[PDB]
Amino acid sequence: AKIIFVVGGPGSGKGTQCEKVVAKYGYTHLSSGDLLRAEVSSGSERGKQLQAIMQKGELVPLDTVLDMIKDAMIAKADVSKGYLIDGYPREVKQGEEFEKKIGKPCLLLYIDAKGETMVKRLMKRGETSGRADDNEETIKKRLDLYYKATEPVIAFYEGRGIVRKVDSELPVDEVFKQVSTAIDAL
């Protein structure tokens, strides 16, 4: 099955673009973020641990998040001809462990947005949906964390040869025209 990594900063537009991809190509959208939040909503002690980490805007340990990705992948396994892995990997070791335990990605969609643009979007979603990590201080924390840990992931897969960059400063469906182009050329 096709495994696509979709990687980019906070509020760059990963989720948005992934759901457009689902609607058009019928890939299976797996959000590490959605998976983690669902474990939070479960009421477990683990959820309490994950909620604390996410509220501070830090990386959840590789073991937890890779576990959930693999689980979800295995569940949707008999209906998926493709997978969109949204927001994983976020550090080089995550990409390495994914490859050891699951498989190699066909493509990495690099959803590229300016830092200020990302702050603007998250600041807006913060005032509307009231996601706990969208407060101003946590945003700065998520943004710095993206620059330090997740950018080398982009380098890693550029060395692999599979990164395609899309300009996420554009209007949403102009962005998606780029995503479509990258996916069509598989």
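Each residue number is its position in the shown sequence, starting from 1.
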Subject >> Stretch with the higher entry mean CA B-factor, where the candidates are 154 to 162 and 122 to 130 >> reply: 122 to 130
Subject >> Stretch exceeding the other in mean C-alpha B-factor - 166 to 174, 14 to 22 >> reply: 166 to 174
Original post:
Going by the entry, which of 75, 92, 85, 107 has the most elevated CA B factor?
Top reply: 75
**OP:** Please pick out which of 182, 1, 4, 7 has the largest Cα B-factor as recorded in the entry.
**Re:** 1
Subject >> Ranked against its chain, the third holding the CA B-factor of residue 49 >> reply: lowest
Original post:
Within this chain, which third does the Cα B-factor at residue 57 fall in: lowest, middle or highest?
Top reply: highest
Original post:
Among the modelled residues of its chain, does the C-alpha B-factor of residue 69 lie in the lowest, middle or highest third?
Top reply: lowest
Original post:
Among the chain's modelled residues, which third holds the C-alpha B-factor of residue 138?
Top reply: highest
Original post:
In terms of the CA temperature factor given in the entry, to which third of its chain does residue 145 belong: lowest, middle or highest?
Top reply: middle
